[PDB]
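Colleague: quick check, what structure comes out for this input:
(chains A and B)
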Number of protein chains: 2
Amino acid sequence: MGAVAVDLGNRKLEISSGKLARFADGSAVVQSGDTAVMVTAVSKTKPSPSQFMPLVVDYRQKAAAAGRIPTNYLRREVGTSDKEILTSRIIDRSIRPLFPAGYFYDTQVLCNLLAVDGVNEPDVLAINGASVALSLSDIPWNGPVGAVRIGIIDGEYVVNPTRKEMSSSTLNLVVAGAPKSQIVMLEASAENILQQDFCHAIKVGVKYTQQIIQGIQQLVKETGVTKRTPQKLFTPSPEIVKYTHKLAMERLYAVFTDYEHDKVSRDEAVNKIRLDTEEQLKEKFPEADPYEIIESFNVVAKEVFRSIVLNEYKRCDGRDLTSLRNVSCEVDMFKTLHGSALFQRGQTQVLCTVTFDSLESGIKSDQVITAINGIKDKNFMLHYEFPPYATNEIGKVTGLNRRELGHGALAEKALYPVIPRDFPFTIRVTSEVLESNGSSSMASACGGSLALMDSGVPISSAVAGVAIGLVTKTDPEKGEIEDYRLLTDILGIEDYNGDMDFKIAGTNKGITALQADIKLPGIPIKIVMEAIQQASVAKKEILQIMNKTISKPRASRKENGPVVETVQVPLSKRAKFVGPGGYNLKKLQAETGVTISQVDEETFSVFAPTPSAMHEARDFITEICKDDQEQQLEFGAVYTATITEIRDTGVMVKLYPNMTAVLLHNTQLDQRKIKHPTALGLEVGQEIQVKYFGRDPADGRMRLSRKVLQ
Amino acid sequence: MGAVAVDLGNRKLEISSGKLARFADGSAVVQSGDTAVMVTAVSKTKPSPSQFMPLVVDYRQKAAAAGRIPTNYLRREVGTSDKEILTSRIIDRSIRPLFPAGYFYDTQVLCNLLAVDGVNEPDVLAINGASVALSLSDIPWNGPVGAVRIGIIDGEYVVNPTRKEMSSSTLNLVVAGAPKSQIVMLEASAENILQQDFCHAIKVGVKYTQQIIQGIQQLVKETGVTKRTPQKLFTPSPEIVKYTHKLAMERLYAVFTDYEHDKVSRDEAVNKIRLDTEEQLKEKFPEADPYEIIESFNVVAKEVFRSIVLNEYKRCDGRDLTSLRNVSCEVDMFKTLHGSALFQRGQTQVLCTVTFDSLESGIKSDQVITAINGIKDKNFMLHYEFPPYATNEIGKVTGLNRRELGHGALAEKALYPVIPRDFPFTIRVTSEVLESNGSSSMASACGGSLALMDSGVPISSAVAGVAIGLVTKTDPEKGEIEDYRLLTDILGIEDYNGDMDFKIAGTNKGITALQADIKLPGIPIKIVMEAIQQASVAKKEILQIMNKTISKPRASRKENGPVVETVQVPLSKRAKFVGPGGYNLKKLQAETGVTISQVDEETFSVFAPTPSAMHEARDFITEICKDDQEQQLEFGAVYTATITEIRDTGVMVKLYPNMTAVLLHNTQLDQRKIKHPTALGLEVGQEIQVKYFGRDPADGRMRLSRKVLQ
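Modeller: Numbering: from 1, shown residues only, chains lettered A, B, ... in the order given. Structure as follows:
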């Protein structure tokens, strides 16, 4: 019966195991305040066919546990929202780099929200729960890993803040801690804070994770758990590696020193050398599995590449540790898009598109996530597309691709703190990747900054994104870090052989978004601190060059942009204009793309993406308001009025046959105070000459006064 | 093209062959009244790569043939409704147990609604059609089978009642019969009716199936079809089986005689013996297919397990036939849930949660599902969840698993007859299975009864579910049942090697739901009658245990429960409160989760899950109704209203130059009812004393009275 209390200042954490889902390999329950999340870990005992661990993590969100039914067509949990996916990816990046190398077995980690009390967000709890569940099962691991969330309010750092605090916080930082104060996963989003606060926040965050790790350590000792031995680890034998090293080290060395090689040329040289070595290895060791052969070659290839970096301080093209790839920019690419930007760094090419839209499209039907977390007060959202042809590949473009969604959210957080609070249109920014060579997401963010900057939206200041690469010479005995080198403007091949990915973006003043994908089993703070410092210098550089293309936003939005118009519609015409069940409005909306909303009984807001569409809508409404032929607005003209209804306070008379009758009151019927029109000898259907005094919008009745004629 | 008519009391059944889709192996058309259903059957001649029944049954609902249309964007029949899935599962469980053993060939049975009128029903027709279609094709089969539906109205049984009568009828039972009056499929729902009536309904139902099965025999004899010979049946050779029996019976008998093994320990010991035996088989028989070896071991395993049951009347755990596993219950797990229940039976553990919701979430836009089944009268629906980790298994978390849907419907039918007629909230009951060891569905139903019972919804009485298992000593020549034993509270291992599953749930007095998944090719009615009788005793026993944990619903709902309020929004601010297209209301709904409905022009219904959330909504709406400079002024006050315009029907005035120009009618201007404002010396911009008589909403005009001052 696991039972451990952990104290984090004003917050208490309850960790319990057993009594729930005892059939699974590892089951844990994490309770904070009144919200509790239970996590299960299942690992197969059969070597799955693959060259990698098939780790799959899901974070299902129970809407019913929050007191709401999902707004799906089936009133039930169907599909997964982005928020779940982002949370899952956070968990995946948080725990993956702790498994022993070569462990290739199916492993599913599932998170369930037992109950959400609406006072404590559960995402941070889930990460800790997985760590508890894993460390409490037989599955081999090197954890446990502690996770906290740090927010800043009024210059005060608060761990695990409540919903109200997030909305009021300028910084949302998630820190994942490993033993001996090692950071394993970093993720943050800030309203453009300075660097110094970021330094202090991290130092606090790891400090708290140390406490949480002690409790889990205490819990494991109390319960007692034996780690099952896997059937067979898939690491290559040293002999195959060493033979591989003696067979390709010089050729690979030559390949990686060719500063003129592009992405493609380098791979082909790498690939062809791979073939020759693979044949020779098969000759020497036919008994060896192909998986081992392929793995061995990669290890040797990875090893030498890193060695070159550690020694000669030249990555692949003579570039130093701080130099950047060539950067190109282009704006106003087409004459139609409201905002266009062509951003190309080195070989990576990214296209960003800015498109305005009506405020009606910004409805967030997903209530539970917006209730628990909140809504982006700025009507802003981003699309990130990674077509397969961007990497000379084959596949299907899916909007639910986890890698695609994760990158997009990172860009969205990057650009968020610069959108002005108030704007008469939703800003839907679409970024498309055309040629990918690493660090696409930051490049996507930069281009979006450019396209928006051209679109005329008065943003605060330009936003720059840059990735950071690292290589460490590891000491095999203790696993500590011997030496390390930091890379700026990382290349794709650098990432693959690299140890960790550091995506940080912000503005000239401070930092907005940060995401660190690490693969080592932990890194000390000092390395991270230098990385931020190094990234800042390049950030200033990349902003400096980008500013030459454009410096200030356009004084006005580009022509052919969206237009907003308001139209007066008389109530009599309203039924005609709307049509039965509003079908006419839908048809007009479907046909010309013009979005029309009813401001009130007489006025209708009309949105048109183009003035041409505005003209089409203006014509259509003019036609609809023309069949309801309301005569000219005259104050002294006398028109025949058809007495439709004989009331007691007056006569409902239709001055024109194209609209309903109005209260020709007894005070508007005769100069004497009549109180029944029957005293005037008025019959139904009789035409009475009533002077037209225009229309009175106060009561919706056109001003008719028969008293001036009688 | 064979044709035949079958008389069922007041209803006629027409079955025709040929004339339609002659290309398929088996094509049949079933016509009742004016509803006709076509059933097709296809069976590939090549042995399937699978190692079991690759049977797939689908039943599509063409809304066009029912005078309706689907409510999807594409207007097509995109996706499958639950009702379709339940119908398909009914058919599958109705024909599967008649295929010859080992027939491993792809087979798909499709159902189409040629035309659906407003009287008869397609489901019962579909089952009969499949039986006709199979028996008319060259697919090996031991059919045909007959399916009828029995309803009870005014204590009178009616076969195949019209959909107009389902709502009136207190019972809805489906019976599928085999030759020699053998039941195959049993599916029933009822309103807590007595056991005796259930007995009579079954006796009648099988009796009618004897007629319908008789007719099909007439048709097939008339047409004279010949069943094709399969390439090869996949039953293991008797010789191999005998060797296994002589090699594994001793150890297997030892394993199952243990009374200490859990599920996990028992299976692995079985699995361990399986590995040893399988290896030795390969030694003896290298020619045999590996799958045959696997199948042979299972067969002798099954035979021994059933054998030991028959001879010693002791189940695999050390219980008796009537005894049941120990049961534990717990309520009120977390203070942030309107109702929680933890139900544990044996090793099966199930969690049930009760979540109230606003009535608006209960909309079910589906034309056909009401075009046939009928109307809804209890705003309540259950969600059943069977996550993979509940069985130490890795899978895909997805709510479209057929097994999940089938179990969920069974629970929903189980609890239906106890929900009150009316309730100010929808009742979404979510049950999650945490540890599965068989009979989870009834356990889920029981827990839902508990959680509901805790939630404070006043129900009729507690609901108990139990499963029944049967083992038969079969005569290999006749196929009749020489001997049989019944098992209460069946274990998963018992089920897998058992003969049939009997899920029946009811109250302390009667029976609500009954699903009988059977795998034998038919069982006599006397068998079922005993099973229900035995199940009745257990149901009382479970209720005896459950009553200790709770016996009556709470006096009221939980404090944090949902709240109801009505707000009087002034008409003047109504547009501002609503906004263009109700955008504010949509925004308000997404922010706090509080839903708003327009009771009328002045009253708005507000539904909140928590009083705290309501408090937030109340502040927001109060702010919206107060932030305006134009507020509800004090009644009866006199204001010096400036005249903005002089007209005929009255005078447009504003109390202070922030409000709008309001029409003070001539009847409201003077006691003698002057008819021109200039009669009082009024001018443009002149300030006049008028007493503020409140705001009566009839045309948007704010009330004033200058008549008293004259």
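
Colleague: how about the strands in the stretch 601-710 of chain A?
Modeller: Per DSSP state E, counting those that start in this stretch, the stretch 601-710 of chain A carries strands over the ranges A:603-608, A:638-646, A:650-654, A:662-665, A:687-696, A:701-705.

Colleague: would you turn these into TSV with distance to chain B and mean neighbour count?
Modeller: Bear in mind the C-beta positions are built from the backbone N, C-alpha and C, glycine included. Output for the strands of the stretch 601-710 of chain A, formatted as TSV (distance: least, C-beta to the nearest C-beta, whole Å; neighbours: other C-beta atoms under 10 Å in any protein chain shown):
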stretch	distance to chain B	mean neighbour count
strand A:603-608	5	21
strand A:638-646	13	17
strand A:650-654	10	25
strand A:662-665	6	26
strand A:687-696	5	18
strand A:701-705	4	26
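
Colleague: show me the one of those strands that comes nearest residue B:576.
Modeller: Evaluated over these, closeness to residue B:576 peaks at strand A:603-608, with 12.9 Å, by C-beta to C-beta.

Colleague: I'd like the distance from the closest one to the chain centre, please.
Modeller: 30 Å (C-alpha atoms, centre = their mean, to the nearest Å).

Colleague: next one: stretch A:166-178
Modeller: Relative to its chain's centre, stretch A:166-178 lies at 16 Å (C-alpha atoms, centre = their mean).

Colleague: would you mark the buried spots in it?
Modeller: For stretch A:166-178, a neighbour-count test (16 or more other C-beta atoms under 10 Å in any protein chain shown) marks A:166, A:169-178 as buried.

Colleague: that older thread, nearest to residue A:268, out of the strands of the stretch 601-710 of chain A?
Modeller: Closest to residue A:268 of these, according to C-beta to C-beta: strand A:603-608, at 52.5 Å.

Colleague: is residue A:157 in a bridge, and if so with what?
Modeller: With DSSP bridges as the criterion, residue A:157 is bridged to residue A:152.

Colleague: now do the contacts for it.
Modeller: A:150-151, A:200-201, A:204 (C-beta atoms under 8 Å, 6 or more residues apart in numbering or on different chains).

Colleague: out of the residues you listed, which are inside helices?
Modeller: If you go by DSSP state H, the contacts of residue A:157 have A:200-201, A:204 in helices.

Colleague: buried among these? Make that a ChimeraX selection.
Modeller: Here is the ChimeraX command that selects the buried residues among the ones in helices among the contacts of residue A:157 (16+ other C-beta under 10 Å):
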select /A:201,204
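
Colleague: now tabulate the contacts of residue A:157 in CSV and tack on distance to residue A:672.
Modeller: Below are the contacts of residue A:157 laid out as CSV (distance: C-beta to C-beta, whole Å):
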residue, distance to residue A:672
A:150, 82
A:151, 76
A:200, 86
A:201, 84
A:204, 87
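
Colleague: what's the most distant pair in the residues you listed?
Modeller: Counting by C-beta to C-beta, the most remote pair of the contacts of residue A:157 is A:151 and A:200, 13.0 Å apart.

Colleague: what's the closest of the ones in helices among the contacts of residue A:157 to chain B?
Modeller: residue A:201 (28.2 Å; C-beta to the nearest C-beta).

Colleague: thought that closest one was touching residue A:170?
Modeller: No - using C-beta atoms under 8 Å, residue A:201 is not in contact with residue A:170; the gap is 10.7 Å.

Colleague: where do the strands sit along the stretch 101-250 of chain A?
Modeller: Using DSSP E, counting those that start in this stretch, strands in the stretch 101-250 of chain A cover A:105-115, A:146-153, A:156-159, A:171-178, A:182-193.

Colleague: near chain B, which of the buried residues of stretch A:166-178 show up?
Modeller: Among the buried residues of stretch A:166-178, no residue is within reach of chain B (C-beta under 8 Å from any C-beta of the partner chain).

Colleague: what strand or helix carries residue A:400?
Modeller: Using DSSP states H and E, residue A:400 sits in no helix or strand.

Colleague: repeat that for the one 4 residues further on.
Modeller: Assignment of secondary structure by DSSP H and E places residue A:404 within helix A:402-415.

Colleague: and residue A:259, helix, strand or coil?
Modeller: Assigned by DSSP: H, G, I helix; E, B strand; the rest coil, the conformation of residue A:259 is coil.

Colleague: is it in contact with residue A:315, as I believe?
Modeller: No - using C-beta under 8 Å, residue A:259 is not in contact with residue A:315; the gap is 9.7 Å.

Colleague: who's more crowded, those two?
Modeller: Set residue A:259 next to residue A:315 and count neighbours by other C-beta atoms under 10 Å in any protein chain shown: residue A:315 wins out with 25 against 11.

Colleague: and that one, what does it touch?
Modeller: Counting by C-beta under 8 Å, 6+ apart, residue A:315 makes contact with A:309, A:321, A:487, A:491, A:494.

Colleague: angles on the backbone of the second one, please.
Modeller: Residue A:321 has phi and psi values of phi -80, psi -20 when expressed as degrees, to the nearest 10.

Colleague: so how many other residues sit close to it?
Modeller: Based on other C-beta under 10 Å, the number of other residues close to residue A:321 is 16.

Colleague: surely it is in contact with residue A:484?
Modeller: No - using C-beta under 8 Å, residue A:321 makes no contact with residue A:484, being 10.8 Å away.

Colleague: now do the contacts for the closest residue to chain B within the stretch 201-350 of chain A.
Modeller: Going by C-beta to the nearest C-beta, chain B is nearest to residue A:228 of the stretch 201-350 of chain A, at 13.2 Å. Contact partners of residue A:228, counting by C-beta under 8 Å, 6+ apart, are A:45, A:138-140.

Colleague: go again with 6 Å.
Modeller: Shown in contact with residue A:228 (C-beta atoms under 6 Å, 6 or more residues apart in numbering or on different chains): residue A:138.

Colleague: and it, how far is that from residue A:105?
Modeller: Distance, residue A:228 to residue A:105, by C-beta to C-beta, to the nearest Å: 11 Å.

Colleague: same deal with residue A:34?
Modeller: 36 Å.

Colleague: can you tell me, leaving aside adjacent residues, what's nearest to the spatially most central residue of chain A?
Modeller: With distances taken as C-alpha atoms, centre = their mean, residue A:409 lies nearest the centre of chain A, 2.6 Å away. Nearest non-adjacent residue to residue A:409, counting by C-beta to C-beta, 6 or more residues apart in numbering or on different chains: residue A:86, 5.4 Å away.

Colleague: and if you look at residue A:579?
Modeller: residue A:585 (6.8 Å).

Colleague: just give the number of residues close to the one you found.
Modeller: 18.

Colleague: could you check how far residue A:653 is from residue A:705?
Modeller: Distance, residue A:653 to residue A:705, using C-beta to C-beta: 11 Å.

Colleague: cool, residue A:241 as well?
Modeller: Counting by C-beta to C-beta, the gap between residue A:241 and residue A:705 amounts to 103 Å.

Colleague: which residues touch the closest residue to residue A:75 other than its chain neighbours?
Modeller: In this structure, residue A:75 finds its nearest non-sequential neighbour in residue A:69, 5.3 Å apart by C-beta to C-beta, 6+ apart. Going by C-beta under 6 Å, 6+ apart, residue A:69 touches A:75, B:357, B:361, B:428.
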